[PDB]
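Structure data (mmCIF, C-alpha atoms) from my_file-v3.cif:
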```
data_upload
#
loop_
_atom_site.label_atom_id
_atom_site.label_comp_id
_atom_site.auth_asym_id
_atom_site.auth_seq_id
_atom_site.Cartn_x
_atom_site.Cartn_y
_atom_site.Cartn_z
CA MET A 1 26.52 5.17 16.99
CA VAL A 2 22.95 4.76 15.82
CA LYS A 3 20.80 1.99 17.27
CA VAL A 4 18.24 -0.09 15.31
CA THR A 5 14.96 -0.85 17.13
CA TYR A 6 11.56 -2.27 16.09
CA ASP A 7 9.83 0.21 18.46
CA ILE A 8 6.94 2.38 17.30
CA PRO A 9 7.92 6.09 17.56
CA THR A 10 5.90 8.74 19.40
CA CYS A 11 3.39 10.73 17.36
CA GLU A 12 5.38 13.93 17.81
CA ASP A 13 8.61 12.29 16.64
CA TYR A 14 6.91 10.57 13.68
CA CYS A 15 5.31 13.83 12.51
CA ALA A 16 8.49 15.87 12.95
CA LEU A 17 10.62 13.27 11.20
CA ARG A 18 8.40 13.37 8.08
CA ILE A 19 8.77 17.14 7.93
CA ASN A 20 12.51 16.92 8.44
CA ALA A 21 12.73 14.48 5.53
CA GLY A 22 10.66 16.86 3.32
CA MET A 23 7.69 14.51 3.17
CA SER A 24 4.02 15.50 3.22
CA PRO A 25 2.83 16.29 6.77
CA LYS A 26 0.62 14.08 8.95
CA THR A 27 -1.61 15.30 11.80
CA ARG A 28 -1.17 13.94 15.33
CA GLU A 29 -4.64 12.47 14.90
CA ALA A 30 -3.63 10.58 11.75
CA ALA A 31 -0.50 9.38 13.58
CA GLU A 32 -2.46 8.27 16.68
CA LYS A 33 -4.73 6.20 14.43
CA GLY A 34 -2.00 4.70 12.19
CA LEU A 35 1.13 4.13 14.23
CA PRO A 36 -0.08 1.05 16.15
CA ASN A 37 -1.31 -0.69 12.94
CA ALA A 38 1.69 -1.33 10.65
CA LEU A 39 2.82 -4.88 9.96
CA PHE A 40 6.39 -3.94 10.77
CA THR A 41 8.19 -0.81 11.99
CA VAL A 42 11.91 -0.03 12.19
CA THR A 43 13.18 3.03 14.02
CA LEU A 44 16.74 4.33 14.29
CA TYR A 45 17.84 6.30 17.36
CA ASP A 46 20.97 8.33 18.06
CA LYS A 47 20.86 8.22 21.87
CA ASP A 48 17.21 9.14 22.51
CA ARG A 49 16.66 11.05 19.25
CA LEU A 50 14.69 9.46 16.41
CA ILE A 51 16.82 9.87 13.30
CA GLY A 52 15.15 7.50 10.84
CA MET A 53 12.24 5.09 10.33
CA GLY A 54 10.48 2.77 7.91
CA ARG A 55 7.13 0.95 7.95
CA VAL A 56 5.23 -1.80 6.12
CA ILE A 57 1.53 -2.28 5.45
CA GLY A 58 0.05 -5.24 3.58
CA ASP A 59 -1.97 -8.42 3.79
CA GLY A 60 0.85 -10.80 4.71
CA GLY A 61 0.64 -12.86 1.53
CA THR A 62 -0.37 -11.26 -1.67
CA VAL A 63 0.71 -7.57 -1.33
CA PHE A 64 2.85 -5.19 0.76
CA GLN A 65 3.58 -1.49 0.54
CA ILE A 66 6.65 0.06 2.09
CA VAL A 67 5.84 3.44 3.61
CA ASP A 68 7.32 6.26 5.72
CA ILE A 69 11.01 5.70 4.83
CA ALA A 70 12.33 8.86 6.43
CA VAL A 71 15.79 9.99 7.56
CA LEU A 72 16.70 13.38 9.14
CA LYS A 73 18.33 15.68 6.62
CA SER A 74 21.66 15.80 8.52
CA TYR A 75 21.78 11.98 8.51
CA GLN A 76 21.05 11.48 4.78
CA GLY A 77 23.49 9.96 2.33
CA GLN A 78 25.35 8.02 4.99
CA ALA A 79 23.83 4.52 4.71
CA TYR A 80 20.94 4.90 7.23
CA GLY A 81 18.23 4.58 4.57
CA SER A 82 19.94 1.31 3.50
CA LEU A 83 20.02 0.16 7.13
CA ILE A 84 16.24 0.73 7.37
CA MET A 85 15.58 -1.00 4.09
CA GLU A 86 17.80 -3.96 5.00
CA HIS A 87 15.55 -4.68 7.98
CA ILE A 88 12.36 -4.01 6.06
CA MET A 89 13.44 -6.43 3.34
CA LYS A 90 14.43 -9.03 5.95
CA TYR A 91 10.83 -8.80 7.26
CA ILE A 92 9.21 -9.00 3.80
CA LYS A 93 11.47 -11.85 2.71
CA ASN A 94 10.39 -13.86 5.76
CA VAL A 95 6.71 -13.59 4.82
CA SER A 96 6.68 -13.29 1.00
CA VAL A 97 6.02 -16.23 -1.32
CA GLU A 98 5.96 -16.69 -5.11
CA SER A 99 3.57 -14.10 -6.64
CA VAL A 100 3.81 -11.68 -3.66
CA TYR A 101 3.94 -8.07 -4.88
CA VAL A 102 5.72 -5.29 -2.95
CA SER A 103 5.53 -1.66 -4.01
CA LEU A 104 6.15 1.84 -2.76
CA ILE A 105 5.68 5.45 -3.82
CA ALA A 106 9.10 7.13 -4.25
CA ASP A 107 9.86 10.85 -4.58
CA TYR A 108 12.35 11.11 -7.45
CA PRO A 109 15.43 11.67 -5.24
CA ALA A 110 14.62 8.42 -3.37
CA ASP A 111 14.80 6.24 -6.50
CA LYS A 112 18.54 5.63 -5.91
CA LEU A 113 17.95 4.05 -2.48
CA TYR A 114 15.19 1.76 -3.60
CA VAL A 115 17.10 0.70 -6.73
CA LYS A 116 19.81 -0.69 -4.44
CA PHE A 117 17.16 -3.15 -3.15
CA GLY A 118 15.99 -4.33 -6.55
CA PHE A 119 12.94 -2.09 -6.94
CA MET A 120 12.11 -0.89 -10.44
CA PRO A 121 9.62 1.72 -11.60
CA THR A 122 6.06 0.68 -12.38
CA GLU A 123 6.10 3.14 -15.34
CA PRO A 124 5.50 3.07 -18.22
CA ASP A 125 3.09 0.13 -17.84
CA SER A 126 1.37 1.52 -14.76
CA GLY A 127 1.53 4.63 -12.58
CA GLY A 128 0.88 5.77 -9.02
CA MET A 129 -2.26 7.72 -8.32
CA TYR A 130 -3.30 9.25 -5.06
CA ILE A 131 -5.64 11.35 -2.94
CA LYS A 132 -5.04 13.22 0.35
CA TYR A 133 -7.85 13.93 2.84
CA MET B 1 -28.90 -7.12 -10.01
CA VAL B 2 -25.60 -7.95 -8.44
CA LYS B 3 -25.32 -8.80 -4.72
CA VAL B 4 -22.73 -6.77 -2.76
CA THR B 5 -20.88 -8.43 0.06
CA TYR B 6 -17.94 -7.48 2.37
CA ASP B 7 -17.18 -11.21 3.03
CA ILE B 8 -13.76 -12.87 2.71
CA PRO B 9 -13.56 -14.40 -0.83
CA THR B 10 -12.56 -18.06 -1.28
CA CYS B 11 -9.02 -18.71 -2.54
CA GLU B 12 -10.40 -20.25 -5.71
CA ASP B 13 -12.79 -17.33 -6.42
CA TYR B 14 -10.02 -14.78 -5.75
CA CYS B 15 -7.44 -16.45 -7.95
CA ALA B 16 -10.09 -17.08 -10.64
CA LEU B 17 -11.23 -13.49 -10.62
CA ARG B 18 -7.66 -12.20 -11.04
CA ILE B 19 -7.07 -14.42 -14.07
CA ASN B 20 -10.40 -13.69 -15.68
CA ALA B 21 -9.96 -9.96 -15.14
CA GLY B 22 -6.76 -10.23 -17.26
CA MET B 23 -4.44 -9.71 -14.27
CA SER B 24 -1.35 -11.63 -13.27
CA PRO B 25 -2.12 -14.74 -11.25
CA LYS B 26 -1.59 -15.19 -7.53
CA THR B 27 -0.67 -18.62 -6.22
CA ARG B 28 -3.20 -20.28 -3.97
CA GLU B 29 -0.53 -20.19 -1.24
CA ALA B 30 -0.28 -16.39 -1.49
CA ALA B 31 -4.07 -16.07 -1.55
CA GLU B 32 -4.43 -18.29 1.54
CA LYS B 33 -1.95 -16.17 3.45
CA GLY B 34 -3.26 -12.78 2.18
CA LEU B 35 -7.05 -12.92 1.93
CA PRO B 36 -7.94 -12.67 5.67
CA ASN B 37 -5.70 -9.66 6.20
CA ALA B 38 -7.09 -6.79 4.11
CA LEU B 39 -8.67 -3.97 6.13
CA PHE B 40 -11.69 -4.10 3.81
CA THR B 41 -12.89 -6.29 0.94
CA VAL B 42 -15.90 -5.81 -1.35
CA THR B 43 -17.19 -8.55 -3.64
CA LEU B 44 -19.93 -8.49 -6.29
CA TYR B 45 -21.88 -11.56 -7.30
CA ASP B 46 -24.16 -12.15 -10.30
CA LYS B 47 -26.44 -14.91 -8.98
CA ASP B 48 -23.83 -17.39 -7.64
CA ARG B 49 -20.84 -16.15 -9.66
CA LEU B 50 -18.19 -13.76 -8.36
CA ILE B 51 -17.81 -11.00 -10.96
CA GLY B 52 -15.80 -8.30 -9.15
CA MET B 53 -13.79 -7.36 -6.09
CA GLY B 54 -11.62 -4.68 -4.53
CA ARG B 55 -9.44 -4.67 -1.41
CA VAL B 56 -7.82 -2.11 0.93
CA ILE B 57 -4.61 -2.43 2.97
CA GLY B 58 -3.34 0.28 5.30
CA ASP B 59 -2.57 1.38 8.86
CA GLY B 60 -6.03 2.82 9.62
CA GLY B 61 -4.91 6.46 9.81
CA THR B 62 -1.95 7.69 7.90
CA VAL B 63 -1.90 5.57 4.76
CA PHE B 64 -4.03 3.17 2.69
CA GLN B 65 -3.49 1.38 -0.62
CA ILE B 66 -6.33 0.18 -2.81
CA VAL B 67 -5.38 -3.14 -4.42
CA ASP B 68 -6.92 -6.03 -6.40
CA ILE B 69 -9.56 -4.03 -8.30
CA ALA B 70 -10.64 -6.94 -10.47
CA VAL B 71 -13.76 -7.17 -12.64
CA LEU B 72 -14.34 -10.09 -15.06
CA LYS B 73 -13.37 -9.15 -18.60
CA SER B 74 -16.90 -10.14 -19.70
CA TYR B 75 -18.40 -7.72 -17.11
CA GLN B 76 -16.03 -4.78 -17.73
CA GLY B 77 -17.10 -1.46 -19.29
CA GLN B 78 -20.46 -1.11 -17.54
CA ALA B 79 -20.05 0.34 -14.00
CA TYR B 80 -18.96 -2.60 -11.88
CA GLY B 81 -15.46 -1.13 -11.28
CA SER B 82 -17.26 2.05 -10.21
CA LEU B 83 -19.54 0.06 -7.89
CA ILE B 84 -16.47 -1.51 -6.22
CA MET B 85 -14.82 1.91 -5.86
CA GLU B 86 -17.98 3.47 -4.36
CA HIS B 87 -17.91 0.84 -1.58
CA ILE B 88 -14.15 1.24 -1.09
CA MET B 89 -14.48 5.05 -0.91
CA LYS B 90 -17.26 4.62 1.66
CA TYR B 91 -14.97 2.46 3.85
CA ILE B 92 -12.07 4.93 3.59
CA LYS B 93 -14.33 7.97 4.29
CA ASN B 94 -15.40 6.43 7.60
CA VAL B 95 -11.76 5.90 8.75
CA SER B 96 -9.83 8.74 7.05
CA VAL B 97 -8.88 12.05 8.73
CA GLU B 98 -7.17 15.27 7.55
CA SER B 99 -3.76 14.23 6.05
CA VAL B 100 -4.65 10.58 5.37
CA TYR B 101 -3.02 9.47 2.10
CA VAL B 102 -4.51 6.85 -0.20
CA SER B 103 -2.73 5.50 -3.25
CA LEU B 104 -2.99 2.90 -5.97
CA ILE B 105 -1.14 1.62 -9.05
CA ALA B 106 -3.04 1.98 -12.31
CA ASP B 107 -2.33 1.07 -15.92
CA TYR B 108 -3.93 2.85 -18.88
CA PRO B 109 -7.55 2.85 -19.43
CA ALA B 110 -7.71 1.83 -15.69
CA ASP B 111 -6.63 5.34 -14.71
CA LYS B 112 -9.92 6.56 -16.24
CA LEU B 113 -11.86 4.72 -13.53
CA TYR B 114 -9.86 6.11 -10.59
CA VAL B 115 -10.03 9.67 -11.93
CA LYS B 116 -13.83 9.48 -11.32
CA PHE B 117 -13.10 9.16 -7.57
CA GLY B 118 -10.68 12.08 -7.37
CA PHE B 119 -7.37 10.23 -7.81
CA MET B 120 -4.57 12.07 -9.57
CA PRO B 121 -1.17 10.98 -10.85
CA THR B 122 1.79 10.84 -8.52
CA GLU B 123 4.01 11.52 -11.58
CA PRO B 124 6.16 13.29 -12.37
CA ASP B 125 7.38 14.13 -8.81
CA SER B 126 6.73 10.69 -7.37
CA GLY B 127 6.45 7.26 -8.84
CA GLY B 128 5.49 3.67 -8.11
CA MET B 129 8.33 1.17 -7.77
CA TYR B 130 7.92 -2.56 -7.21
CA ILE B 131 9.41 -6.01 -6.72
CA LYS B 132 7.52 -9.18 -7.62
CA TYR B 133 8.43 -12.55 -6.11
#
```
Mind turning this structure into structure tokens?
Amino acid sequence: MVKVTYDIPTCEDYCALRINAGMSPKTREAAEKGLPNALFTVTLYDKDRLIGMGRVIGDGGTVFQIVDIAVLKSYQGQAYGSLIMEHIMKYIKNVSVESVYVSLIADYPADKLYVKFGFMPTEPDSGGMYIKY
Amino acid sequence: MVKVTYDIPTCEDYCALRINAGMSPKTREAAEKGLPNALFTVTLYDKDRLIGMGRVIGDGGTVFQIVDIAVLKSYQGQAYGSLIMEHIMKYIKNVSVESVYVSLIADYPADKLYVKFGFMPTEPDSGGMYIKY
């Protein structure tokens, strides 16, 4: 019986959850700097354990990016990613207007989840590019 | 020589620059809501005309997205995109730490600009996905 909260997770839990979800690691320093500064955060807990999260960055009008959609491996494929996204999309729908753009960077196995929410690839017209420090 | 500014653009100048850079328009409503809320904005002016801009959204530690890289069609192909990116990369360098991720969405020829600054494709393992309202 998982609980939905809008609480920001601890740095330790955030970092560990990314690893558990097979995402690129983040340092505690990066987490300390970033966690307080999302537009919106959703965290899922099973008792006191963080089992999933999602975050949004953006400018509140013209552009948003959904980031850090992460679910523990043992909890995957059971609807928790959709629970996270449902709340994220509720947030974005309350702020978005005509011409607002929302995007994300999806690892290929994640495409299925995001497709449920109406996302489509930017390719072939445009592609993600990145750097890591 | 162009004047470089980190000031908030006007809604008119922003919307006008998007259109005249050959990008999809933003409504003035979206611009009004979005413009104050980027982490960083650089604007280039030729005398009293806005000719270029770039913006950054993010959480200040873990993730940033570079957005709205817009240079007038009539000013393209001569280093102004690079000038914008130099100022953006300066901003990110002063806030980024080990593990910070920065991404963007680029079409073709545009990818040639970002490659100069060390950006590489997310594809094939990861891809941009979007919704537009």
Which chain A residues have any atom within 6 Å of an atom of chain B, and for each, what is the nearest pair of atoms with distance in Å to one decimal, counting all atoms listed in the file, rows sorted by chain and number, as a Markdown table?
```
| residue | atom | partner | partner_atom | distance |
| --- | --- | --- | --- | --- |
| A:26 | CA | B:99 | CA | 5.3 |
| A:30 | CA | B:61 | CA | 4.7 |
| A:33 | CA | B:61 | CA | 4.6 |
| A:34 | CA | B:61 | CA | 4.2 |
| A:37 | CA | B:59 | CA | 4.7 |
| A:38 | CA | B:59 | CA | 5.4 |
| A:57 | CA | B:58 | CA | 5.5 |
| A:58 | CA | B:57 | CA | 5.5 |
| A:59 | CA | B:37 | CA | 4.6 |
| A:60 | CA | B:34 | CA | 5.2 |
| A:61 | CA | B:34 | CA | 4.0 |
| A:62 | CA | B:34 | CA | 5.0 |
| A:98 | CA | B:133 | CA | 4.9 |
| A:99 | CA | B:133 | CA | 5.1 |
| A:100 | CA | B:133 | CA | 5.3 |
| A:101 | CA | B:132 | CA | 4.6 |
| A:102 | CA | B:131 | CA | 5.3 |
| A:103 | CA | B:130 | CA | 4.1 |
| A:104 | CA | B:129 | CA | 5.5 |
| A:105 | CA | B:128 | CA | 4.6 |
| A:106 | CA | B:126 | CA | 5.3 |
| A:107 | CA | B:126 | CA | 4.2 |
| A:108 | CA | B:126 | CA | 5.6 |
| A:119 | CA | B:130 | CA | 5.0 |
| A:120 | CA | B:129 | CA | 5.1 |
| A:121 | CA | B:129 | CA | 4.1 |
| A:122 | CA | B:129 | CA | 5.2 |
| A:125 | CA | B:107 | CA | 5.8 |
| A:126 | CA | B:107 | CA | 3.9 |
| A:127 | CA | B:106 | CA | 5.3 |
| A:128 | CA | B:105 | CA | 4.6 |
| A:129 | CA | B:121 | CA | 4.3 |
| A:130 | CA | B:103 | CA | 4.2 |
| A:131 | CA | B:119 | CA | 5.3 |
| A:132 | CA | B:101 | CA | 4.6 |
| A:133 | CA | B:98 | CA | 4.9 |
```
Residue with smallest distance to residue 42 (chain A) - pool A:69, A:54, A:14, A:9, counting only C-alpha atoms: A:54
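Across B:17, B:53, B:3, B:11, the tightest approach to residue 88 (chain B) is made by B:53 when counting only C-alpha atoms.
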Matched chain/residue IDs from the PyMOL selection byres ((chain B and resi 49) around 12), as a short mmCIF file (atom, residue, chain, number, x, y, z; two decimals) with C-alpha atoms, in the frame of the given file:
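Ended up saving to result37.cif:
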```cif
data_model
loop_
_atom_site.label_atom_id
_atom_site.label_comp_id
_atom_site.auth_asym_id
_atom_site.auth_seq_id
_atom_site.Cartn_x
_atom_site.Cartn_y
_atom_site.Cartn_z
CA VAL B 2 -25.60 -7.95 -8.44
CA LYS B 3 -25.32 -8.80 -4.72
CA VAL B 4 -22.73 -6.77 -2.76
CA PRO B 9 -13.56 -14.40 -0.83
CA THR B 10 -12.56 -18.06 -1.28
CA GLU B 12 -10.40 -20.25 -5.71
CA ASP B 13 -12.79 -17.33 -6.42
CA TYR B 14 -10.02 -14.78 -5.75
CA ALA B 16 -10.09 -17.08 -10.64
CA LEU B 17 -11.23 -13.49 -10.62
CA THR B 43 -17.19 -8.55 -3.64
CA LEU B 44 -19.93 -8.49 -6.29
CA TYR B 45 -21.88 -11.56 -7.30
CA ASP B 46 -24.16 -12.15 -10.30
CA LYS B 47 -26.44 -14.91 -8.98
CA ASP B 48 -23.83 -17.39 -7.64
CA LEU B 50 -18.19 -13.76 -8.36
CA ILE B 51 -17.81 -11.00 -10.96
CA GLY B 52 -15.80 -8.30 -9.15
CA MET B 53 -13.79 -7.36 -6.09
CA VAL B 71 -13.76 -7.17 -12.64
CA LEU B 72 -14.34 -10.09 -15.06
CA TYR B 75 -18.40 -7.72 -17.11
#
```
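The gap separating CA of residue 74 (chain B) from CA of residue 6 (chain B) is 22.3 Å, in Å to one decimal.
Take CA of residue 21 (chain A) and CA of residue 79 (chain A): the distance between them is 14.9 Å.
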